[PDB]
Amino acid sequence: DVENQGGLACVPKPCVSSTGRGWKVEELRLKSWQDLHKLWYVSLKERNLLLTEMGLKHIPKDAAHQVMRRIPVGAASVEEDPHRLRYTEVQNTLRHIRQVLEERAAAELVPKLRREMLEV
Amino acid sequence: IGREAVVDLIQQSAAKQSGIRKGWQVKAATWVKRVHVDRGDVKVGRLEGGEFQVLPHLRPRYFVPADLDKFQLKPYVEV
Amino acid sequence: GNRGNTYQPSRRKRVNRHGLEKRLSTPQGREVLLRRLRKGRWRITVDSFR
Amino acid sequence: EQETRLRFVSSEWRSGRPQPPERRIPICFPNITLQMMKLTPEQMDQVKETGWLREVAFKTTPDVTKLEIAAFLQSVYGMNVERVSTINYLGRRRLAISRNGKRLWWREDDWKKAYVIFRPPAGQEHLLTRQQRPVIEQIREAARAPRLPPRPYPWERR
Amino acid sequence: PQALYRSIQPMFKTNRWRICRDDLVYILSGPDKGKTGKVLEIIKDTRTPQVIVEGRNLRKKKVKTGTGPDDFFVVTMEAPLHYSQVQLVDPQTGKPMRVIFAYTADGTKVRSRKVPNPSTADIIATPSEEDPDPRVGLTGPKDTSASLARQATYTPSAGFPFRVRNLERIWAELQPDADXXXXXXXXXXXXXXXXXXXXXXXXXX
Amino acid sequence: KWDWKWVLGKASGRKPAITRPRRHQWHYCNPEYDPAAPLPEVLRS
Amino acid sequence: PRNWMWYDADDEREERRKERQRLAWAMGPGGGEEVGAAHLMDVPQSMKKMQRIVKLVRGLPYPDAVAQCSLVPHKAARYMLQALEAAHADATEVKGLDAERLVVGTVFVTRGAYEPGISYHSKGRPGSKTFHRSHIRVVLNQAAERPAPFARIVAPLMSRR
Amino acid sequence: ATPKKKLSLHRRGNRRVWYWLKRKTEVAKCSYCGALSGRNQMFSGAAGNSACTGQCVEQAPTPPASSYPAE
RNA sequence: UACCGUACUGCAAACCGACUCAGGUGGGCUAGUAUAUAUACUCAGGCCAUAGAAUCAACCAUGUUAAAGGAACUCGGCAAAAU
RNA sequence: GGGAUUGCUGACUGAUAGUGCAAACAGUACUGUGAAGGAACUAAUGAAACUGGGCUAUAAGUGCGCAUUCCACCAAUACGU
Ligand SMILES: [Mg+2]
Ligand SMILES: [Mg+2]
Ligand SMILES: [Mg+2]
Ligand SMILES: [Mg+2]
Ligand SMILES: [Mg+2]
Ligand SMILES: [Mg+2]
Ligand SMILES: [Mg+2]
Ligand SMILES: [Mg+2]
Ligand SMILES: [Mg+2]
Ligand SMILES: [Mg+2]
Ligand SMILES: [Mg+2]
Ligand SMILES: [Mg+2]
Ligand SMILES: [Mg+2]
Ligand SMILES: [Mg+2]
Ligand SMILES: [Zn+2]
């Protein structure tokens, strides 16, 4: 079970697991609180895998660390690594899930919202 | 002229020049090894006779879902 | 007696003299901080960090 | 965007002693980050089958607790955590000399390193997997051994 | 050209480009005028737009393999001409010609031949500027299809104040008392429930 | 339980940036440090 | 004569500067006939320290110039040997000049870019410990006759019965 | 104890005559390896000579001797 | 039974003096001849990296010895010697 | 009086000038215990001092990008495209 963060386990073999995109806010507004809860846990475990995998390689993230490591902007073949692109999509997914949850919390009427702002 | 107004203006001035700690912030970051700065942890107890006692209701509990295995939503949406 | 070494370093005295709270404790210290802000200094006090 | 505020040493000295909260809620939607460091390749083969190591070291953020790392690993990854040891690290200083020579200096965000000692899951405990020699002979051999050479200087050729 | 770049007033206020990529063009000025080429890429810069054509403005590029001295390899490469230095070739007389943005029927805007009868057979066709489709190469693991991602799972019909939806499970009722389908057994295993149980069993035995 | 060439100072050790351990850090700077071994009651030098 | 051009402006400026000094070297001081030359840039020595050795090899033939450089313990003599060996390599393999007739007809030392430093005099006064640099230009002409070797070649201690 | 005026280029050149080095009128050259040194100095491989091929010494036969090796 | 400190340096090339500055910098532990933490040699331990190489300059600094005298020197036995 | 947008405004300046700053991070580096002081650095071209050697001894065209006015759709009252 430490294999989950230990490696992609599909990257040592020359195959790409994730060939897709990250979640958007309008799709995430249509999912229930339980579905958002499960997606949040799956996305955080994916975030740990991607951070570990780009920590084994010495590649930056966020595009602000790239200026710190003296790596050139765009023309470096480092922003094009699969783990960095997946990491940016996973951060977008987690940020959008947080935004949807506060929107639903601000969309309430009674003291239930004071409890809705205690689990987010 | 008030004390809170001066601190708020200081923080608004510090909102600019923020991000990955450049310049004077590189030296100022080493204050955490000089004056015992308390980090952003949540306290779980209190000292009574010098022995720390963790209050059991303040221990961390994580409400993980029943199964995240064969759950039909992945972190990635197909294009 | 050789001079030049008037600066004897001490973190307690540095924070207790030129720190934020002694600057805020008095009115003229608060206008000192206000004109530090109006000049545009990046470091407001000797003990500021993040 | 709202970000990290400045803190002041006199302010933390004056408004000191953070109090414990009155109620702790079970944490739905947690915001906690872990990553492994580099493993030896034989440890990587040790993880590839049966998914276990006795000692794994992690990078975290400095706002975490040994209880939080142990609870998170036990809750999410199904491990048995025996003990956690945490080290606070400063960021690395970075130098990125500019178009005019300025010496632009950066500092990475501070991180906490956890040393997590694990425990064999259930019934699989055999994978701890380790003649004699006298310790008097060990010390007597390590006393007649040649000394380590003094460290060469970076300009010195040997 | 001018070497300042930022002093230049930004041109192309309305974004319309008469030259597109992959089309035959005539070089008007420079070391090789009278020659023709196919546009490989247009650099759409508002201040200094360039056009790279097929094998015409050839200058030797010194590609620097990283080294302090004279270790490098040299490759001939098409240097970028200015956007103003090129003009489209009409397919009839081989001379450069001005492209106009004529509107045909259906409200669409096309590129005509600059004639007093701008209609069909004078339109110069413009190719599309995008082809990066990840739709081919989908269905990998850790992905979800669009139809699955657009389920209307959320409904406000439930979620009403339900302080007594506990079901009485040691701490799986604490979360729906603080407002929850099923906690994992491993999560409840993390907060150990056996420190008092061992003392109770030892006292009983 | 100890690597004595390291103890006498004639060999490199695990965590070679320490070079002078306190009472704790003797256990983890030892080159023959086994994680699977149990941890002693006092953790001496 | 270079009908082609470089891609970047920096390389083109450098190449044009190179052709301008190849014009200035021809039909100027000497020039004319085929000449092997070298330019050793940024020697980590002062101009006086290099000029101490350069006054010994001025006008000599090539073998006794190598002899005069190889018979002194100076640090500058090794750099002068490097410059003379580079000039000899250009003259013999890049050009087609005959050996054993090469004369060191032009050698001189020019200034280099300095690295300014600081020295700490007493009573608070500053000083300097500037690190000096220099350049070497060596021109090896070919004479019409093999010249007088100027230093008698004797047998070593090894050549003994 | 202090110069009253600035030294001219001609006066400086005249004063710097002691700093110049005299040329050596003899050199010992090895015909094989082309090495150069004084006639009183060994410049073969035992000394510093990475170009030595051993042809500098043309004869060295000494097989016979008898002694007690102290061990 | 949490949080912070734990590397390295700390009579010093890493602190305070613009410096790799002959200056300034707190507390504690210690073996023998031996007897006091003084003195000479030494234990444990550490060091002989930050200009090197020979040689009979004058002269300068710091000392050893000096025949017969002895403050006669000098503003003043100052400085040395002496107990 | 003061704080921000616009100036088919300038016989204002054009990198030792103009703000202290035209710049990857200027109220910065750096100086000072502190209040406080406070730089240099655009892109090409490459003058002199300086130091070695040598010697002497056709006020035009052609392309692009806009602005003005025509036109035809216009919110139909300042132009909207
Ligand atoms: Mg004193
Ligand atoms: Mg001072
Ligand atoms: Mg600790
Ligand atoms: Mg001392
Ligand atoms: Mg001083
Ligand atoms: Mg000292
Ligand atoms: Mg002694
Ligand atoms: Mg020495
Ligand atoms: Mg006597
Ligand atoms: Mg100025
Ligand atoms: Mg200037
Ligand atoms: Mg001014
Ligand atoms: Mg310039
Ligand atoms: Mg000139
Ligand atoms: Zn030889």
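Placed above this text is the structure.
Draft legend 1. How the structure looks around helix α1 (residues 3–15) of chain B. Residues and elements named next belong to chain B. End to end, α1 covers 19 Å across 13 residues, agreeing with the expected 18 Å (1.5 Å per residue, within 8%). For α1, the full list of buried residues reads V6, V7, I10, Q11 and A14. Viewed along the axis of α1, the buried residues span an arc of 135 degrees, placing them on a single side of the element. Those residues of α1 that are exposed and angled more than 90 degrees off the buried face are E4 and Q12.

Draft legend 2. Spatial organisation of the protein's contact with RNA strand J. In the vicinity of RNA strand J, 45 residues are found, and the nearest of them are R14(C), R35(C), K39(C), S84(E) and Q87(E). Among all atoms of RNA strand J positioned within 4 Å of the protein, those belonging to sugar or phosphate total 73%. At 2.7 Å, a side-chain N or O of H18(C) approaches a sugar or linking oxygen of RNA strand J. Of all elements in the fold, only α1 (11–18) and α3 (27–39) of chain C, β6 (105–107) of chain D, α1 (9–25), α2 (47–54) and β2 (102–111) of chain G together with α1 (9–15) of chain H reach the threshold of two or more residues within the surface near RNA strand J. Sort the elements by how many residues they give to the surface near RNA strand J and α3(C) lands first, with four residues. Of the residues belonging to the surface near RNA strand J, the class tally is 18 nonpolar, eight polar and 19 charged.

Draft legend 3. Spatial organisation of a nonpolar patch on the surface. Together, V135(D), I139(D), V7(F) and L8(F) line one region of the surface with nonpolar side chains, adding up to about 270 Å² of accessible area. Looking at the secondary structure, you find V7(F) in helix α1 (residues 4–7). Judged by its relative accessible area of 31%, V7(F) falls in the partly exposed class.

Draft legend 4. The arrangement of the protein's contact with RNA strand I in detail. Around RNA strand I, a shell composed of 35 residues is seen, among which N88(D), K112(D), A17(F), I18(F) and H121(G) lie nearest. Backbone atoms, meaning sugar and phosphate, make up 64% of the atoms of RNA strand I lying within 4 Å of the protein. Separating a phosphate oxygen of RNA strand I from a side-chain N or O atom of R39(B) is a distance of 3.1 Å. A distance of 3.0 Å separates a base nitrogen of RNA strand I from a polar atom in the backbone of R125(G). Residue composition of the surface near RNA strand I, grouped by class: 11 nonpolar, 12 polar and 12 charged.

Draft legend 5. Spatial organisation of the interface of chain D and chain A. On the side of chain A, 27 residues touch chain D, which itself brings 32 residues to the contact. The junction of chain D with chain A conceals about 2,800 Å² of combined surface from both sides, 63% of it contributed by carbon and sulfur atoms. It is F29(D), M36(D) and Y77(D) that lose the most area in chain D upon contact with chain A, and together they represent 29% of the buried surface on that side. Residues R69(A) and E108(D) are paired through a salt bridge, measuring 2.7 Å at the closest nitrogen-oxygen approach. Scanning the region where chain D abuts chain A turns up 11 residue pairs in polar contact. Contributions of two or more residues to the side of chain D that touches chain A are made by β2 (35–36), α2 (41–48), α3 (66–76), β5 (93–95) and β6 of chain D. A per-class count over the side of chain D that touches chain A returns 21 nonpolar, five polar and six charged.

Rules used throughout
- Numbering of residues starts from 1 on every chain and follows the order in which that chain's sequence is written, so it may differ from the entry's own numbering; residues lacking coordinates are left out.
- Each chain takes a letter, starting from A, and each ligand takes a number, starting from 1, following the order in which they are written.
- Every figure given here refers to the displayed chains, which form just one part of a larger assembly.
- As a rule here, side-chain values come from all non-hydrogen atoms in the structure, and water together with hydrogens is ignored.
- Residues with missing side-chain atoms are left out of burial classes, side-chain pairs and their counts.
- Strands are runs of DSSP state E lasting at least 2 residues, helices are runs of H or I lasting at least 4, and numbering of each runs from the N terminus.
- Helix span, as expected, comes to 1.5 Å for every residue beyond the first.
- Partly exposed describes any residue whose relative accessible area lies between the buried limit of under 20% and the exposed limit of over 50%, with all areas from a 1.4 Å probe on protein chains only and scaled to the type maximum.
- Here, the arc refers to the directions that run from the helix axis to the C-beta atoms.
- In these notes, residues near a molecule or strand are those with any non-hydrogen atom within 4 Å of it.
- A 3.5 Å cut-off defines polar contacts: any pair of N or O atoms within that distance qualifies, except that in protein one atom must be a possible hydrogen donor and the other a possible acceptor, and neighbouring residues in sequence count only when both atoms are side-chain atoms.
- Polar here means any residue other than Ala, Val, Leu, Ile, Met, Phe, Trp, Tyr, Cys and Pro, which are nonpolar, and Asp, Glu, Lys and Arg, which are charged; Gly is therefore polar.
- For patch detection, residues must exceed 30% relative accessible area and be free of salt bridges, and they are connected within 9 Å for like charges or within 5 Å for nonpolar side chains (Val, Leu, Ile, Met, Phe, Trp, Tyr).
- Values of accessible area rely on a 1.4 Å probe in the Shrake-Rupley scheme; residue burial ignores everything except the protein chains shown.
- We define a salt bridge as a side-chain nitrogen of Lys or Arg found within 4 Å of a carboxyl oxygen belonging to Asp or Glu.
- Contact criterion: two residues are considered in contact whenever any of their non-hydrogen atoms come within 4.5 Å of each other.
- Take the accessible area each of two parts loses on contact, using a 1.4 Å probe, and add the two losses: that sum is the buried area.

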